[PDB]
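Asker: Here it is, the structure, as structure tokens.
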Amino acid sequence: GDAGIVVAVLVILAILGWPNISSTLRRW
Amino acid sequence: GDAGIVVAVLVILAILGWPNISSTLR
Amino acid sequence: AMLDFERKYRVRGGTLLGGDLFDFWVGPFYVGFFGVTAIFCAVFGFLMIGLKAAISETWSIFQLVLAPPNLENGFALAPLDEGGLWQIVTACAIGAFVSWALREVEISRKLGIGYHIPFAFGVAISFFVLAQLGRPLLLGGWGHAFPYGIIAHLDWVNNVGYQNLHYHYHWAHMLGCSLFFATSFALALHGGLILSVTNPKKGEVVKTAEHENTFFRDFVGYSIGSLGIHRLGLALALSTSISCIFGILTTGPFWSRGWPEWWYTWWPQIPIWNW
Amino acid sequence: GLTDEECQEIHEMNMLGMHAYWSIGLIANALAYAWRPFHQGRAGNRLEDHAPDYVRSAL
Amino acid sequence: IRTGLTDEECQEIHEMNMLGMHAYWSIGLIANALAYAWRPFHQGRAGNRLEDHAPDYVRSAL
Amino acid sequence: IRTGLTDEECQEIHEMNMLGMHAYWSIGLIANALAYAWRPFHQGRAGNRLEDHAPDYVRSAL
Amino acid sequence: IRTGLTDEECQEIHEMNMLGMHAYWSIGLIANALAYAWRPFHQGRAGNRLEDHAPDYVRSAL
Amino acid sequence: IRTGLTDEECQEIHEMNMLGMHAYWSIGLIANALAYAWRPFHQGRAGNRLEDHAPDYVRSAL
Amino acid sequence: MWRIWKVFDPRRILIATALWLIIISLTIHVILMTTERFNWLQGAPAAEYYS
Amino acid sequence: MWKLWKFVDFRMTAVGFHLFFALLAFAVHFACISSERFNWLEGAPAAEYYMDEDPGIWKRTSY
Amino acid sequence: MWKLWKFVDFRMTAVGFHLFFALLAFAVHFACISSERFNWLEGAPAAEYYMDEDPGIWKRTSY
Amino acid sequence: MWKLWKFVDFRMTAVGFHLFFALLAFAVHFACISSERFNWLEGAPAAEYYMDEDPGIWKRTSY
Amino acid sequence: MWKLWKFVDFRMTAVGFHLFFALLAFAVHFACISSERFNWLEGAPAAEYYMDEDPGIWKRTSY
Amino acid sequence: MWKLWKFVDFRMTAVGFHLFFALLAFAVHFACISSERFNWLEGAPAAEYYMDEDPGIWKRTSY
Amino acid sequence: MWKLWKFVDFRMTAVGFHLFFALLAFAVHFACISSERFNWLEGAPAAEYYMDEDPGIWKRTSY
Amino acid sequence: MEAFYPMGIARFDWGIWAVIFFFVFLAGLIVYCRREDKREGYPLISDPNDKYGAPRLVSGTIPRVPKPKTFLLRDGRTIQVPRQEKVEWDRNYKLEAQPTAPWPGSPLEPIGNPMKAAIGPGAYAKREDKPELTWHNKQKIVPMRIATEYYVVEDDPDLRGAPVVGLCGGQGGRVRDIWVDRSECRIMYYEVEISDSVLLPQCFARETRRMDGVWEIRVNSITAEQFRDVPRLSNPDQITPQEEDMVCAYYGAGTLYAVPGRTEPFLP
Amino acid sequence: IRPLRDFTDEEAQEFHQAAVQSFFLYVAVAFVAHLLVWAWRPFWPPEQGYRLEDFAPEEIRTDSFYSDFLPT
Ligand code: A1LZM
Ligand code: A1LZM
Ligand code: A1LZM
Ligand code: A1LZM
Ligand code: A1LZM
Ligand code: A1LZM
Ligand code: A1LZM
Ligand SMILES: C/C=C1/c2cc3[nH]c4c(c3C)C(=O)[C@H](C(=O)OC)c4c3nc(cc4[nH]c(cc(n2)[C@@H]1C)c(C(C)=O)c4C)[C@@H](C)[C@@H]3CCC(=O)OC/C=C(/C)CCC[C@H](C)CC/C=C(\C)CCCC(C)C
């Protein structure tokens with residue numbers, strides 16, 4: 001359902017946006 | 001029923017946390 | 001984030017209550033224990049205001065009010081939906097105002113200045129306290145105190161004034177309106193004088209205290225001076241707050257008829273002209 | 001600054017004060033709970049729902 | 001403060017910055033996903049007013 | 001009148017500004033696209049008042 | 001009376017000013033064209049009041 | 001803490017103070033005795049309200 | 001994240017946190033008092049009981 | 001008009017223009033909201049939906 | 001947390017906790033006074049008086 | 001416009017933009033809340049739920 | 001944005017963000033409270049209880 | 001008027017004229033809104049739509 | 001706890017305690033006056049006068 | 001949402017539109033007043049007590065710090081506010097104090113004697129080192145021994161020779177002379193001789209009539225001993241704004257540092 | 001210049017460890033409290049909700065969370 005898609009997308013954003021994962025993209 | 005359970009839990013916590021016993025586990 | 005000369009004064013001590021634990025600055029603000037308690041009371045009172053906004057479904061700063069309990073409630077604790085939130089916010093506001101004034105006492109001690117500012121603020125706080133406690137004590141309940149709404153306390157002012165028919169004629173209201181008008185008049189005069197002395201026409205030098213003295217001597221025959229204008233200003237604003245105390249504590253408690261009838265009761269019958 | 005032994009004394013005083021108050025307040029809450037348990041059951045504990053309709057309820 | 005932030009100082013500030021921002025971001029995303037699975041935030045074309053779906057006896061705050 | 005910033009400081013501030021502005025811009029465009037697909041913001045000539053399309057029992061605040 | 005900016009500083013300020021002014025101008029023109037095609041802003045002599053063109057049952061906020 | 005007056009200054013001040021206080025005291029005692037003989041200040045067990053002792057036609061402010 | 005204590009005073013952040021905790025704790029307790037299900041003082045029945 | 005920045009502070013002009021345009025965007029969105037035809041938030045029908053001919057803007061139309 | 005008082009001033013922490021607990025005791029006693037079940041000053045009956053079964057807590061009772 | 005920070009303070013610009021966008025996010029969310037069609041908190045039905053043709057935006061539909 | 005703190009004070013940014021997010025979290029929890037569907041304190045039923053089909057969010061459902 | 005800037009401050013004049021024309025553009029768009037003939041937001045018909053002849057402006061028409 | 005005065009001022013502690021206890025004695029006496037059961041100034045009867053059994057405090061009494 | 005000719009349409013009326021215009025003007029007026037506020041102490045400087053460097057862009061710029069204001073003075077000088085001598089004075093100000101903690105916003109505890117540290121309430125600004133004159137180039141702040149034309153009014157106590165007592169009641173000194181402001185016609189300072197002469201700001205002096213009938217000056221700020229450490233005058237018969245500011249700052253220092261207690265709370 | 005008390009990097013790490021452990025112990029205690037509250041009365045409404053008016057008979061007085069004091 002649409003709500004299931006929203007919840008899955010939010011969870012995926014939380015996983016990808018988690019510091020241990022988002023910090024893998026640091027470019028200094 | 002469970003009111004006695006809460007009273008007993010609070011009494012046990014009071015006895016354990018009393019300074020004469022709280023200091024024994026310092 | 002700190003004034004060019006600020007660090008020179010940012011020293012420890014001067015606390016009434018708080019020691020060195022709360023004796024610090026967050027950005028520009030000095031904190032102190034009374035700053036901590038002022039933030040507590042302010043934020044908790046605003047959260048209770050938001051709670052009333054939630055339960056009343058009134059998410060409008062203008063339409064939202066925390067009203068005191070009903071008159072029949074007396075001094076009893078009210079339900080939060082029946083004036084209890086107003087009582088909580090009254091305690092919060094008294095606490096926040098007192099904590100703010102005491103933080104200003106701390107700041108005055110730290111700067112070595114007199115406590116005149118927290119004293120004047122405490123005069124305003126005394127109005128609030130006597131309005132929200134003295135009027136309930138006089139009239140027998142929290143319901144006689146004004147509510148906490150941006151617009152709705154104006155409605156309370158309207159209705160309490162019209163309870164005595166024509167509130168303009170109230171002696172304390174007449175004196176206090178004269179005092180507010182005199183305070184704005186004197187603030188206009190004083191700001192204008194200081195700016196006139198320090199901002200003459202372009203190309204003119206900054207004038208002196210002699211200039212401003214002779215300006216008001218030429219203007220109205222009297223110049224109150226540098227010290228006198230600030231003493232008179234503190235006096236005018238304070239006295240208007242005391243007049244507010246008397247007005248809010250007398251309309252109803254000490255005259256339940258019209259203030260027009262109050263004036264008729266004594267002034268026309270003064271025997272020097274009642275014949 | 002606070003010396004090691006001064007922090008020691010402050011620690012015993014703080015432990016005594018907090019634990020004495022905590023235990024006295026736990027006994028106080030246990031007594032108030034035994035007197036009337038604080039939290040209502042699913043049926044609630046409003047008088048109006050259980051009293052025989054002539055017992056006045058402030059609620 | 002007689003000198004500005006070094007690249008090292010600014011980098012160690014930004015490490016904590018990114019940790020805090022992205023931890024809050026992910027925890028908020030999880031919280032919002034939980035609240036969305038609880039009750040989806042956005043109504044469908046049918047809406048989600050009780051008055052439009054519940055029977056008459058189900059009181060609604062509108 | 002001049003902020004005192006060098007060309008390097010101005011350019012790195014501008015890199016950060018372009019990042020923030022355009023990231024916010026793209027995230028907001030995606031959010032507005034999602035909200036527009038949920039409910040188009042702009043009514044057609046028919047409008048989208050519920051009173052004009054829904055039956056009488058569909059309560060409308062308008 | 002004078003800002004003290006050099007000719008080069010004024011010209012770079014002006015190129016930024018032109019870019020910003022004309023970008024905003026063109027984006028606003030496109031936005032106003034889109035809103036005008038959505039609903040022409042100015043009524044004809046007949047007007048565009050719903051009371052004058054819609055049937056009686058179509059409610060108008062006047 | 002002290003007024004600095006000498007013993008003799010205090011003695012003459014006290015002479016005047018006793019003179020004034022006791023002259024006022026005796027004049028007031030004579031005045032109160034005269035007013036008391038005129039109308040005793042304190043009512044008996046019967047009181048001295050007119051309404052309790054005077055006929056009905058004697059108006060009383062109580 | 002420990003380096004935040006180079007940025008901010010741990011004592012000041014602790015004071016702000018304790019202040020915030022007191023504020024929100026009292027606010028939540030009063031909010032529950034405003035509710036029907038969670039007002040232990042009012043003691044209303046729960047919907048699971050079907051009072 | 002680059003020379004304008006020799007006499008008129010550009011920071012003043014740009015900051016004031018951004019402030020005024022925030023003001024003006026609010027003002028104009030308010031004007032649209034205040035118009036039934038243009039209130040997208042309430043979504044009233046356009047009179048063109050019920051008209052047959054194009055009303056025009058400058059077109060000389062008669063009843 | 002033995003060394004906490006080495007860093008955080010214990011003296012003002014205790015003074016502030018005493019003031020805050022005076023306020024909290026007043027608030028909590030007032031909450032009890034506001035409660036009909038718990039206002040000892042008014043002495044209202046408990047609902048347990050008039051109910052045959054124990055109400056319980058977490059009891060999963062049913063009507 | 002990397003040269004804008006030669007003349008315009010970036011801290012002022014960024015702080016003011018963040019404050020104005022906080023205010024504007026609040027204002028825009030409240031504008032949606034005021035709208036029946038867009039108030040997700042109240043969850044009113046969409047008119048497209050009740051019309052069997054696409055309303056369009058520029059579709060040039062007629063009654 | 002790793003160079004932002006060379007220019008914008010991180011203490012200001014972090015404190016202001018924490019204060020604004022405290023205010024915003026209050027505002028959003030209160031916005032849920034204001035919503036019948038989302039007021040978890042009152043616990044009103046969701047309309048999904050009374051509808052057999054899934055309402056959707058972007059689903060092009062019809063009456 | 002090119003010598004006016006020898007005697008009148010140009011930044012004062014230009015800023016004052018921009019402020020005044022902002023206020024006047026507001027007030028004049030408002031005067032249009034105040035007119036039934038000219039309120040485009042309300043969109044009332046023009047009287048020319050109903051009369052079969054050109055009213056004119058300076059034309060010496062008679063009833 | 002004899003060492004508290006090496007850290008906390010005893011003079012102001014005792015002064016604050018005496019002030020708070022004067023205020024609290026007034027508050028508690030006013031609480032008793034407010035209570036109908038405990039107002040000795042009005043002297044209302046105790047319900048135990050009319051009860052035919054001891055109510056108790058923790059006694060599990062039933063109607 | 002009716003049209004309200006000629007008063008608007010829906011809520012787009014001129015009540016609200018004059019409201020909006022006046023709020024715009026009030027916002028501009030608050031911005032103007034804030035810019036005027038930023039004529040002293042700005043641009044801001046971060047706290048040097050900081051484990052991190054200073055950000056390139058400083059706070060206090062949302063209303064821009066205005067271009068420094070030019071004041072023309074009677075003496076022919078053209079001063080520019082903020083006055084850079086004051087700014088450099090603040091930059092190079094000897095602290096005689098250390099931060100209590102290593103973070104910004106930490107208070108400064110003076111290292112040694114805080115009465116002599118000129119820190120906190122004892123801090124003073126850089127002011128003119130030339131004595132201020134009236135409009136007629138007369139010494140503005142002058143002792144009554146020089147300005148014989150100025151006299152204490154008959155109804156008021158002439159405290160020349162009156163005892164000056166400190167915080168603890170000890171005899172700080174005796175009033176040698178009274179310094180008056182020619183323009184303000186007020187007592188500015190009491191010259192207090194110590195048994196050398198110091199100055200005592202009038203607002204730091206309580207002229208109290210003892211029950212002896214003898215008038216004295218009670219100085220709550222400092223003690224009798226600390227009167228010996230009041231900043232002296234470079235010229236005995238004239239005082240510069242800098243010396244006025246130093247003396248007032250010394251007594252302000254006493255308000256917090258004269259005795260160990262007055263810097264401490266009731267309950268710490 | 002030099003602060004009286006200094007807060008070293010290792011002292012910062014030690015405080016951060018202590019504060020993180022304290023925060024997590026505090027959160028764990030609060031979570032146990034929330035578990036007790038939930039077992040008492042769950043605070044996330046189900047699909048059917050938990051308004052007492054929706055389940056109790058009309059003889060049971062149910063008061064809505066929202067009050068009619070400000071009909072705005
Ligand atoms: C019912 C209930 C509810 C809720 C709840 C709550 C509480 C209680 C709280 C909260 C919050 C918060 N959120 Mg939320 N919600 C809600 C919704 C929402 C939304 C929508 C969409 O709607 C959003 C977007 C949000 C978001 C948020 C943030 C901002 C914060 C944080 C988080 C974070 O981190 O992020 C993270 C997370 C997140 C979610 C974010 C992200 C996304 C992404 C980009 C996407 C976007 C999209 C869009 C906008 C479009 C739409 C469409 C439709 C169809 C139309 N929220 C509901 C209604 N809360 C918090 C605060 O405020 O703090 C400060 C709190 O407390
Ligand atoms: C119908 C009816 C009516 C009325 C009513 C009435 C009554 C009942 C009364 C009154 C009053 C009066 N008024 Mg009026 N009115 C009329 C009118 C008038 C006029 C004309 C023109 O016509 C004029 C000018 C007038 C004025 C006046 C004055 C004077 C007064 C006021 C002021 C006050 O009070 O305040 C006072 C006030 C006070 C002080 C206050 C304080 C705060 C606190 C602490 C502070 C803090 C807070 C906070 C919140 C914080 C913030 C934060 C930030 C923001 C962050 N009128 C009508 C007729 N009436 C009072 C009195 O009496 O006084 C005397 C009273 O009671
Ligand atoms: C009707 C009418 C009347 C009157 C009248 C008047 C006038 C008009 C005047 C006066 C006076 C005066 N008084 Mg006489 N009376 C009155 C009464 C009385 C009394 C009572 C009890 O009853 C007293 C005690 C008095 C006393 C006095 C003095 C305090 C002063 C001062 C003087 C002297 O020194 O003598 C002197 C002194 C004297 C006389 C005093 C003596 C001690 C004694 C022995 C001791 C004992 C006591 C007691 C209290 C007993 C009780 C009884 C029973 C209750 C049974 N007054 C009546 C009611 N007037 C004056 C004045 O105030 O000035 C300031 C005036 O002008
Ligand atoms: C219902 C609901 C709703 C919404 C919702 C929300 C919330 C909640 C929020 C928001 C927002 C925001 N948005 Mg929106 N919306 C809406 C609409 C709109 C519009 C229209 C017109 O329609 C616009 C234009 C917007 C836009 C925006 C921005 C500006 C910001 C950010 C984003 C960005 O950045 O990018 C993004 C951007 C964008 C999207 C834009 C771009 C260009 C474009 C393409 C072009 C074209 C235009 C035009 C104007 C024309 C059309 C009209 C006609 C008629 C057709 N929104 C609805 C009504 N929100 C935010 C804020 O405010 O922040 C502070 C928030 O919070
Ligand atoms: C000689 C000497 C001495 C002393 C000493 C000392 C030391 C050393 C110390 C102390 C203490 C103390 N205390 Mg004291 N004291 C004395 C007295 C007294 C008295 C009388 C009157 O007599 C009293 C009553 C007292 C009490 C007290 C308290 C306040 C404390 C305890 C703590 C606690 O609480 O634990 C325990 C813990 C706990 C309890 C935890 C709690 C959760 C939280 C919050 C709660 C919150 C809540 C909320 C907000 C919500 C509710 C709402 C409603 C629903 C509405 N004291 C003497 C004078 N000491 C501590 C402290 O502070 O800490 C830091 C310490 O260390
Ligand atoms: C009716 C009536 C009543 C009361 C009463 C009173 C008065 C009058 C007072 C008080 C108090 C006090 N409490 Mg209480 N209560 C009550 C309950 C309670 C609670 C619940 C559970 O709910 C809590 C948690 C408390 C607590 C307390 C503390 C905090 C303080 C101190 C104490 C101590 O120390 O120890 C003691 C302590 C303690 C007890 C604490 C511990 C546990 C742990 C965490 C666990 C928790 C859990 C939870 C929350 C969940 C469950 C529930 C459900 C729903 C199932 N309170 C009732 C309602 N009071 C005080 C004060 O405020 O301070 C100042 C006073 O004055
Ligand atoms: C419904 C709706 C609506 C709208 C809407 C909106 C919003 C929401 C907004 C806007 C805007 C804006 N717009 Mg518009 N509109 C509208 C109309 C109009 C008009 C008319 C006439 O009508 C105009 C002229 C305008 C204009 C504009 C600008 C000025 C800005 C800027 C942008 C730009 O740049 O562009 C760009 C620019 C532009 C577009 C301009 C152009 C020149 C041109 C060629 C010339 C002109 C003509 C004329 C005036 C004549 C008359 C006609 C007849 C009568 C027939 N709008 C509608 C009614 N909005 C914005 C603002 O505000 O800013 C801040 C916004 O936010
Ligand atoms: C005769 C002398 C006077 C005088 C003197 C003077 N007032 C001072 C100072 C001095 C010397 C300060 O030194 C102090 C300051 O710092 O700013 C300059 C201050 C201040 N007064 C303020 C507001 C002010 N004052 C007014 C009247 C006079 N003020 C009289 C005329 C009036 C009105 C109606 O006339 C207003 C609205 C703030 C800006 C500030 C306090 C902040 C605070 O309390 O913190 C505490 C911080 C906050 C955020 C307080 C929130 C507390 C509760 C929980 C929030 C809910 C609010 C209420 C329940 C109040 C009733 C609402 C009405 C709608 C019914």
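Naming works like this for the structure tokens: A, B, ... for the chains as they're shown, residue 1 at the start of each chain, ligands 1 onward in shown order.
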Residues contacting ligand 3 - anything with an atom at most 9 Å away, using only C-alpha atoms and all ligand atoms - can you give me those as a list in words?
Answerer: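 Counting only what the definition allows, namely only C-alpha atoms and all ligand atoms, the set is residues 21, 22, 23, 24, 25, 26, 27, 28, 29, 30, 31, 32, 33, 35, 36, 39, 40, 41, 42 and 43 of chain H.
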Asker: Show me a table, sorted first by chain and then by increasing residue number, of the residues of chain K having an atom at most 10 Å from chain P, each with its shortest atom pair and the distance in Å to one decimal, counting only C-alpha atoms and written as CSV.
Answerer:
residue,atom,partner,partner_atom,distance
K:9,CA,P:268,CA,8.5
K:10,CA,P:268,CA,9.0
K:11,CA,P:268,CA,5.7
K:12,CA,P:268,CA,4.8
K:13,CA,P:268,CA,8.6
K:14,CA,P:268,CA,9.1
K:15,CA,P:267,CA,6.9
K:16,CA,P:268,CA,9.2
Asker: With the cut-off set at 10 Å and counting only C-alpha atoms, tabulate each residue of chain C with an atom at most that distance from an atom of chain M, showing the nearest atom pair and its distance in Å to one decimal, ordered by chain and increasing number, as CSV.
Answerer:
residue,atom,partner,partner_atom,distance
C:1,CA,M:12,CA,8.7
C:26,CA,M:15,CA,9.3
C:27,CA,M:12,CA,7.7
C:43,CA,M:23,CA,9.7
C:47,CA,M:26,CA,8.0
C:50,CA,M:30,CA,7.4
C:51,CA,M:30,CA,7.7
C:53,CA,M:34,CA,8.5
C:54,CA,M:34,CA,5.5
C:55,CA,M:34,CA,7.7
C:56,CA,M:34,CA,9.1
C:57,CA,M:34,CA,6.3
C:58,CA,M:34,CA,8.9
C:59,CA,M:34,CA,8.5
Asker: Restricting the output to N, CA and C atoms, write the selected residues as an mmCIF file, in the first residue's frame.
Answerer:
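Written output follows (result.cif):
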data_model
loop_
_atom_site.group_PDB
_atom_site.id
_atom_site.type_symbol
_atom_site.label_atom_id
_atom_site.label_comp_id
_atom_site.auth_asym_id
_atom_site.auth_seq_id
_atom_site.Cartn_x
_atom_site.Cartn_y
_atom_site.Cartn_z
ATOM 1 N N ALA C 1 29.847 37.475 19.562
ATOM 2 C CA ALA C 1 28.696 37.134 20.390
ATOM 3 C C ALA C 1 28.788 37.830 21.740
ATOM 4 N N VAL C 26 25.204 32.165 28.643
ATOM 5 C CA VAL C 26 24.928 31.444 27.410
ATOM 6 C C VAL C 26 24.656 32.502 26.353
ATOM 7 N N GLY C 27 25.596 32.664 25.430
ATOM 8 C CA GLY C 27 25.536 33.749 24.486
ATOM 9 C C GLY C 27 25.559 35.085 25.195
ATOM 10 N N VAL C 43 8.835 28.592 30.194
ATOM 11 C CA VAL C 43 8.592 27.530 29.226
ATOM 12 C C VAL C 43 7.459 26.627 29.691
ATOM 13 N N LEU C 47 3.991 26.130 27.828
ATOM 14 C CA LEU C 47 3.517 24.790 27.515
ATOM 15 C C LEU C 47 2.121 24.551 28.062
ATOM 16 N N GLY C 50 -0.049 26.327 25.615
ATOM 17 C CA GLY C 50 -0.235 25.427 24.492
ATOM 18 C C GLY C 50 -1.146 24.261 24.808
ATOM 19 N N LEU C 51 -1.118 23.781 26.050
ATOM 20 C CA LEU C 51 -2.052 22.745 26.471
ATOM 21 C C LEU C 51 -3.488 23.248 26.422
ATOM 22 N N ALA C 53 -4.478 25.668 24.464
ATOM 23 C CA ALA C 53 -4.732 25.781 23.034
ATOM 24 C C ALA C 53 -5.119 24.435 22.437
ATOM 25 N N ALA C 54 -4.494 23.361 22.915
ATOM 26 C CA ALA C 54 -4.807 22.024 22.431
ATOM 27 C C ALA C 54 -6.186 21.571 22.893
ATOM 28 N N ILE C 55 -6.480 21.717 24.187
ATOM 29 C CA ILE C 55 -7.748 21.218 24.709
ATOM 30 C C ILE C 55 -8.909 22.092 24.256
ATOM 31 N N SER C 56 -8.693 23.394 24.102
ATOM 32 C CA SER C 56 -9.738 24.272 23.599
ATOM 33 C C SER C 56 -9.788 24.306 22.081
ATOM 34 N N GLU C 57 -8.858 23.622 21.411
ATOM 35 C CA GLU C 57 -8.746 23.642 19.953
ATOM 36 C C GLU C 57 -8.602 25.069 19.438
ATOM 37 N N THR C 58 -7.892 25.897 20.196
ATOM 38 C CA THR C 58 -7.725 27.310 19.876
ATOM 39 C C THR C 58 -6.247 27.551 19.615
ATOM 40 N N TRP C 59 -5.832 27.309 18.383
ATOM 41 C CA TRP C 59 -4.459 27.571 17.971
ATOM 42 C C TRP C 59 -4.373 28.928 17.283
#
Asker: Residues at most 8 Å from residue J:62, counting only C-alpha atoms, excluding those fewer than 5 positions away in the same chain, as JSON, numbers by chain?
Answerer: {"G": [45, 46], "N": [48, 49, 50, 51, 52]}
Asker: Go ahead and write the selection's residues with N, CA and C atoms as a compact mmCIF listing (two decimals), in the first residue's frame.
Answerer:
# COMPACT_ATOMS: atom_id res chain seq x y z
N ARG G 45 -15.34 41.73 -19.87
CA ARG G 45 -16.45 42.62 -19.56
C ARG G 45 -17.57 41.88 -18.84
N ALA G 46 -17.76 40.60 -19.15
CA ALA G 46 -18.72 39.76 -18.45
C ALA G 46 -18.32 39.47 -17.01
N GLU N 48 -19.90 48.25 -19.34
CA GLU N 48 -19.89 48.23 -20.80
C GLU N 48 -20.39 46.90 -21.35
N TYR N 49 -20.29 45.83 -20.56
CA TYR N 49 -20.79 44.53 -21.00
C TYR N 49 -22.30 44.53 -21.18
N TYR N 50 -23.01 45.42 -20.51
CA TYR N 50 -24.46 45.44 -20.54
C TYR N 50 -25.05 46.56 -21.37
N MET N 51 -24.37 47.70 -21.48
CA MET N 51 -24.82 48.78 -22.34
C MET N 51 -24.32 48.57 -23.76
N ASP N 52 -25.18 48.86 -24.72
CA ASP N 52 -24.95 48.54 -26.13
C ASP N 52 -24.15 49.61 -26.86
Asker: Using only C-alpha atoms, find which residues of chain D lie within 12 Å of chain I and jot them down as a list in words.
Answerer: residues 36, 37, 38, 39, 40, 41, 42, 43, 44, 45, 46, 47, 48, 49, 50, 57, 58 and 59 of chain D
Asker: With only C-alpha atoms as the counted atoms, please give the residues lying no more than 10 Å from residue I:34, apart from itself and same-chain residues fewer than 5 positions off, as number ranges by chain.
Answerer: C: 51-52, 55, 79-81, 84-85; I: 28-29, 39, 42; M: 41-42; Q: 64-66
Asker: What residues of the protein or nucleic acid chains come within 6 Å of ligand 5 when you use only C-alpha atoms and all ligand atoms? Reply as a ChimeraX atom specification.
Answerer: /D:13-14,17-19,21-22 /I:22,25-26,29 /K:13-14,17-18,21,27-28
Asker: Restricting it to C-alpha atoms, dump the selection as a PDB file, in the first residue's frame.
Answerer:
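Ended up saving to part36.pdb:
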ATOM      1  CA  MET D  13      26.324  13.575  52.695  1.00  0.00           C
ATOM      2  CA  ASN D  14      24.655  13.431  49.280  1.00  0.00           C
ATOM      3  CA  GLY D  17      20.349  12.820  52.001  1.00  0.00           C
ATOM      4  CA  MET D  18      19.146  11.349  48.716  1.00  0.00           C
ATOM      5  CA  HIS D  19      18.783   7.799  50.004  1.00  0.00           C
ATOM      6  CA  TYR D  21      14.609  10.994  51.289  1.00  0.00           C
ATOM      7  CA  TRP D  22      14.171   8.326  48.650  1.00  0.00           C
TER       8      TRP D  22
ATOM      9  CA  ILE I  22      11.832  19.157  34.614  1.00  0.00           C
ATOM     10  CA  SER I  25       8.141  16.043  32.867  1.00  0.00           C
ATOM     11  CA  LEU I  26       5.747  18.490  34.513  1.00  0.00           C
ATOM     12  CA  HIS I  29       2.152  14.932  33.758  1.00  0.00           C
TER      13      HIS I  29
ATOM     14  CA  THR K  13      22.755  21.489  43.293  1.00  0.00           C
ATOM     15  CA  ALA K  14      21.388  20.595  46.734  1.00  0.00           C
ATOM     16  CA  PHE K  17      16.926  20.575  44.523  1.00  0.00           C
ATOM     17  CA  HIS K  18      15.561  21.671  47.892  1.00  0.00           C
ATOM     18  CA  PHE K  21      11.349  19.822  45.748  1.00  0.00           C
ATOM     19  CA  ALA K  27       2.422  20.818  43.257  1.00  0.00           C
ATOM     20  CA  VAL K  28       1.981  17.112  43.980  1.00  0.00           C
TER      21      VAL K  28
END
Asker: Can you tell me which residues surround stretch 53-59 of chain E at a distance of at most 12 Å, considering only C-alpha atoms, apart from same-chain residues fewer than 6 positions away, and format the answer as a PyMOL selection string?
Answerer: (chain E and resi 46-47) or (chain F and resi 57-59) or (chain L and resi 43-45) or (chain M and resi 36+44-53+55+63) or (chain Q and resi 47-58+62-64)
Asker: Where in chain N does DSSP assign alpha helix (DSSP H), given as a list in words?
Answerer: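 Assigned to alpha helix (DSSP H), within chain N: residues 10, 11, 12, 13, 14, 15, 16, 17, 18, 19, 20, 21, 22, 23, 24, 25, 26, 27, 28, 29, 30, 31, 32 and 33 of chain N.
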Asker: Identify every residue of chain F that has at least one atom within 8 Å of any atom of chain L, counting only C-alpha atoms, and report the result as JSON, numbers by chain.
Answerer: {"F": [1, 2, 3, 4, 5, 6, 7, 10, 11, 13, 14, 39, 42, 43, 44, 45, 46, 47, 48, 49, 50, 52, 53, 54, 60, 61, 62]}
